[PDB]
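One chain comes next, on its own, written out as structure tokens in the form deposited in one PDB entry.
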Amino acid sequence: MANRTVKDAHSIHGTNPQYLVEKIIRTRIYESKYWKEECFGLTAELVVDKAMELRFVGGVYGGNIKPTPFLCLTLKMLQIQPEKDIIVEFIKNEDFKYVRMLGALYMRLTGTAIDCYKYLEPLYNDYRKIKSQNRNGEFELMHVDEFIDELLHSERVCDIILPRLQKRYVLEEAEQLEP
């Protein structure tokens, strides 16, 4: 496999971080023009360059499950496992909505329960419109805060089954979050 997770990488949710994405979707990503041309040899520090070019959020689309750039870059991030501050920088970035959303999804996929609430909840204040490519290929609009709500409460976002997230009440009782 030429697209293995980097050797220094540690497991996430008890597995290879890339495994959070369905195998058949990974295969489609690895054979895509965007992965081959835009993602090759991407390093943690260079992801932001490609993220700033994103134009919508999305997973896969169409009958034969074509991957969106957003999803391709998510998988590349899972493969290279950027340092936490890169992800936080993305989430905090005021310049680029889609960089924020990419960081938010990645944090939801890989962060501790505490970090999910801590870093994603402030984005409920972001009412800005974002474009989304629907599973059927059509473009739709939603708000940033709605995407965050899906990250914190839905089972699947951008065609990725989200890992188990402990309920906020439990963290509060363990002195891990402010109630």
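For every residue, the number given is its place in the sequence shown, counted from 1. Residues that one form lacks are left out of the comparison. So that the term is clear: the rigid core is the largest set of C-alpha atoms that superpose within 1.5 Å between two forms.
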For 76-84 versus 104-112, entry-based mean Cα B-factors point to 76-84
Test of understanding: from the entry's C-alpha B-factors, which stretch has the higher mean, 129-137 or 53-61? 129-137
Using only the C-alpha B-factors in the record, can you name which of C158, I24, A9, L162 has the highest? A9
Entry record, C-alpha B-factors for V144, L42, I29, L152; the maximum is at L42
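The next section is about a form of this same protein that is not shown, the form deposited in another entry.
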Quick check for you: superpose on the rigid core, then look between the shown form and the other one for a C-alpha move of 2 Å or more. Which of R156, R164, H10, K167 is it? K167
Given that the CA-CA distance for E173 and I114 shifts by 3 Å or more in that other deposited form, does it become closer or farther? farther
Have a look at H143 and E172: in that other deposited form, are their Cα atoms closer together or farther apart than in this form, given the change is 3 Å or more? farther
Where the chain shifts between the shown form and the other one once the rigid core is fitted, runs of at least 3 with Cα moving 2 Å or more: 165-179
